[PDB]
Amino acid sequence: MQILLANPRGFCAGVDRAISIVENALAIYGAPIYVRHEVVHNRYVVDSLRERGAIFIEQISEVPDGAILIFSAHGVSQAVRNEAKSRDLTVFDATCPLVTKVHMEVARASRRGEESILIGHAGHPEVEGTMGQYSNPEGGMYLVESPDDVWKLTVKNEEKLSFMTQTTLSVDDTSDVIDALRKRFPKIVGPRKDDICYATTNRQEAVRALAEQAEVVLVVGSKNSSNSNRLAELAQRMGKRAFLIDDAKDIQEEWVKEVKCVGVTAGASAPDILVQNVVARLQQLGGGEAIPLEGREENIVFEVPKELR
């Protein structure tokens, strides 16, 4: 069994920054450190930070007066931010800059009372954070997940309409949604393509190359990781058996039993150690040396705020 590794895979710049933010805050202020939502959607990262004194919460009200609070990388609504500000809290913001950039455009359209459309998945914290940057009731903010959603949407003023997207979507599916938006709303404005980040684009492209070669694809990522799900989904649509797994323990022998070629990748929130352990498990099942595929070299880094060193 050949073991192939997708390139790129694993940590993006946003995730690495956000984790370091919580780690550094723990190191300088000691435990506990309050974090609104899982800092990134990875069970190993979160349980580790929790064992080190991070307390993960959904709402500001469960955070005590005087505490240190950190927003997760997925971002937060304006309502959340102001509730946090209104309280006696010391606030660090770990939202990825690439999320913030989308937020600022939404805020712009709000100030103008001009309607905006967000392509995203309902209930996802990044969508709630992004939708929550709009508040001017003279306009509006609408969520669409699919072309069918577009085909049902009515707006107040189609001549002044803009769109934004979640950063972790399927590149292919989002192209279909945007196509629909422009056919229905010919005057709609947006970025040149979408707001899907380099990391999401790159990892989907890399899983594409991976599954052209491999018969089975293992995607390291937690169940609530949207971008990780997109990788598994992508490979499955190409007709490959593909599994989303947290660690090597999740691997069932039947999945690879008589497979000559298995591919492995990881979502943007999964640490490399999980992949090495997955590989280690595959080698117990007759896998050889892991061969990393050639891939686009990522070079972007987001520094922690100076205050956090």
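In this text, residue numbers run from 1 along the sequence as written.
- Of the two stretches examined, 154-162 and 98-106, the record assigns the greater average C-alpha temperature factor to 154-162.
- As recorded in the PDB entry, 291-299 is the stretch of 291-299 and 7-15 with the greater mean C-alpha temperature factor.
- Ranking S61, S269, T265, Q276 by Cα temperature factor from the entry places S61 first.
- Sorting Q204, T167, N136, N229 by the CA temperature factor given in the entry leaves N136 at the top.
- For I70, the recorded CA B-factor ranks within the middle third of the chain. Only modelled residues enter the ranking.
- Compared with the other modelled residues of the chain, the Cα B-factor recorded for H37 ranks in the middle third.
- In the PDB entry, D176 places in the middle third of its chain by CA B-factor.
- Among all modelled residues in its chain, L49 ranks in the middle third by Cα B-factor.
- Ranked against the other modelled residues of its chain, the C-alpha B-factor of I117 as given in the entry falls in the lowest third.
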